[PDB]
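The next block holds one structure in the form of structure tokens; read it before the comments.
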Amino acid sequence: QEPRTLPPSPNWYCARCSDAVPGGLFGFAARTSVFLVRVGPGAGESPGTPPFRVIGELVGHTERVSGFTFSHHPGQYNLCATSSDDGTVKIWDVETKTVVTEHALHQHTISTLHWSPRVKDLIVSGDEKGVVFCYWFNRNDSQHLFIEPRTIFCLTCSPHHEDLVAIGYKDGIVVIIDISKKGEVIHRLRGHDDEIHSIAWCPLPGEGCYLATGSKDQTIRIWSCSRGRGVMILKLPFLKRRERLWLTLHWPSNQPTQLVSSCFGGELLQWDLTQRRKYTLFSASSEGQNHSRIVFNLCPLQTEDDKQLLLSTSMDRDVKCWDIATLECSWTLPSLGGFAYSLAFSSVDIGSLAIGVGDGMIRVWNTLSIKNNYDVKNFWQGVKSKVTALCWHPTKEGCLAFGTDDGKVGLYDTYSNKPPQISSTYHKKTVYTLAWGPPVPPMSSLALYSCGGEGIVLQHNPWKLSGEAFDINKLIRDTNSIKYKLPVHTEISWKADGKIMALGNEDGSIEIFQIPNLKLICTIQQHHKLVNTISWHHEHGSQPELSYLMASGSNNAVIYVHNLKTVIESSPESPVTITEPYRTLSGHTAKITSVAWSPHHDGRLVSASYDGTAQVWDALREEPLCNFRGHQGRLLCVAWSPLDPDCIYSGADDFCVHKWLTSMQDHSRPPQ
RNA sequence: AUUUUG
């Protein structure tokens with residue numbers, strides 16, 4: 001019914017690369033973008049289902065976004081600023097997702113930036129060499145400041161005094177400077193002995209001022225401006241588990257006696273500043289809802305219906321939203337740390353979507369979860385490199401085959417917590433395709449086939465993975481009396497009845513083999529470049545003829561469909577060559593990585609392309625229907641949703657998986 | 001300290 005996005009992961013090790021404004025809206029830096037999430041009643045979710053929605057992206061930086069800050073000035077909550085390793089500081093209007101203005105004043109890698117709470121157009125940025133720029137964006141003025149020759153980690157403008165900014169450095173130095181007096185140091189706050197991760201001013205004025213600092217030294221220090229000195233030192237607790245530390249802080253403006261911090265392992269704490277190091281652990285009652293790795297940023301968000309929320313970003317690649325009233329996790333938004341290479345829906349558990357990602361974890365998204373739009377489980381054991389191919393077993397629950405960029409083939413039982421079985425035989429190169437099919441000699445119900453970039457297809461016994469795997473080229477050569485070298489295989493696809501195997505090749509040909517012995521019956525010579533994808537039409541359409549239709553894509557843009565009824569039904573004694581397509585689907589402008597048939601229709605195909613779009617075709621009428629342009633990157637995979645005829649999932653090298661509706665797209669065909 | 005080639 002509504003689209004969904006699994007976004008790229010929040011960036012790591014940035015003191016402020018996320019923020020939120022009331023109502024409201026949360027933004028997070030992820031790779032070279034900022035993603036925007038509506039949270040609360042404005043998102044428009046059914047009661048019970050978490051009230052958030054991914055709504056937009058700020059696109060325009062060309063390198064890692066290192067900083068993000070909204071304006072917190074009433075009437076301009078739509079303005080924000082970013083910093084980037086591209087050398088720029090950009091001011092954006094999130095209503096239009098466009099840049100208002102920008103500067104390139106820094107000459108060294110920017111560390112962070114902050115929008116002044118007191119001055120409407122002032123953004124203060126700091127870099128790795130210690131240079132600070134004050135930028136009044138709406139009068140075209142700027143001033144450089146240089147305090148100490150040390151790498152800036154964090155900086156926070158005072159909420160009460162427009163001229164005062166606190167800055168924390170890599171060596172543990174903290175200073176309060178006056179920006180109206182050339183950055184003169186007003187207080188030097190001596191105490192920490194390692195990186196400053198966070199500085200939070202006390203949200204009430206006077207005691208002067210209080211400031212809290214969090215450090216890699218595992219302490220939070222509370223400081224007095226009037227004394228120029230530490231008034232309180234809190235050492236983080238050592239708690240049982242449920243990288244080094246990142247210690248970030250949130251000092252709630254409506255509960256000034258409480259201070260929230262991160263902790264070892266990504267636990268969150270609410271400290272009682274009235275008390276003996278008293279804290280309360282977030283999620284102390286419920287199990288498994290805490291982060292599992294360090295938390296980098298904490299962002300308060302008060303919704304329109306006055307719930308107090310706190311958003312957290314983490315090295316574990318989840319964004320969590322915490323209900324401050326109960327300290328329990330309201331919801332979790334998972335994210336991706338690499339390309340989305342592969343998508344596979346289970347035929348056994350409807351709606352269970354495996355995703356192969358370049359960050360070395362398999363995701364299993366329960367897409368049909370009633371109360372959770374983003375119910376995703378992670379599988380990391382035995383994976384350890386980019387997961388470039390996946391295929392669920394067609395009948396055994398939980399049985400997931402996978403393949404990696406290092407040539408490894410494994411088999412998961414996703415219903416257990418056991419590590420996967422690993423094939424003893426490796427491909428020389430990347431595993432591009434996995435498929436289940438009947439066994440063929442010399443193997444003695446389904447075998448697992450794997451195809452590597454080197455061009456070998458292996459047949460594995462899924463009961464004895466650590467045993468022998470067979471190169472099927474021996475059987476092909478014997479059964480067909482072949483004398484010259486076999487082609488370099490680049491794709492395997494079994495027809496839905498299990499009787500016919502198609503192999504795509506580097507030279508563009510597609511060969512059609514029949515069981516039991518992989519007797520060659522047809523060579524299709526249509527593509528002239530490497531075949532990336534083959535898919536046979538399903539068996540439950542309105543005509544039986546349709547299950548003989550085979551779609552294919554190559555490094556060229558044009559897609560072909562072939563109808564193999566006549567050849568398959570004649571079982572010829574010597575093989576036929578086909579050189580004319582049954583249908584031709586033109587429109588894309590770059591290589592085709594994946595094609596899939598709709599299980600809801602007769603002869604409806606979706607294609608994914610390096611042109612950055614996905615295209616729905618009425619293949620039988622050679623008619624382009626719907627073109628999705630939501631990705632920023634090159635598409636690598638596509639799969640139709642199993643229950644909604646209007647909904648498709650696609651994955652790309654933008655580190656995104658999108659779930660989208662054909663009915664909501666405004667174009668019928670790919671860009672020219 | 002992750003952010004890259006079906």
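We name chains A, B, ... by the order of the sequence lines, and we start the count at 1 in each one. Both backbone and side-chain heavy atoms feed into the values below; hydrogens, waters and symmetry mates do not.
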Is there a stack between A/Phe655 and B/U3, judged by ring centres under 5.5 Å and planes under 30°?
no
Among B/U2, B/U3, B/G6, find the nucleotide with the atom closest to the side chain of A/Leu530.
B/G6
Which nucleotide, B/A1, B/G6, B/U4, lies nearest any side-chain atom of A/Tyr13?
B/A1
Among the nucleotides B/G6, B/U5, B/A1, which one has an atom lying closest to any side-chain atom of A/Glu491?
B/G6
Tell whether A/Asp359 reaches the base of B/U3 with its side chain through a donor-acceptor pair below 3.5 angstrom.
no
Looking just at side-chain N and O atoms, do A/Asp316 and A/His291 make a donor-acceptor pair shorter than 3.5 Å?
yes
Once you round it to whole Å, what is the distance between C1' of B/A1 and CD of A/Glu63?
15 Å
Which of these nucleotides, B/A1, B/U2, B/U5, is closest to any side-chain atom of A/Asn11?
B/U2
For A/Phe68 together with A/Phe28, are the ring centres under 6.0 Å from each other?
no
From the candidates B/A1, B/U4, B/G6, the one with an atom nearest any side-chain atom of A/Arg31 is B/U4
Stacking of A/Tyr432 on B/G6 base (centres under 5.5 Å, planes under 30°):
yes
So what does A/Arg634 touch, heavy atoms closer than 4.0 Å: a base, only the sugar-phosphate, or nothing?
sugar-phosphate
Does the B/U4 base have a donor-acceptor partner in the side chain of A/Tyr341 within less than 3.5 Å?
yes
Rounding to a whole Å, what distance do you find between A/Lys429:NZ and B/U5:P?
15 Å
Closest to side chain of A/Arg64, choosing from B/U3, B/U5, B/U2
B/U3
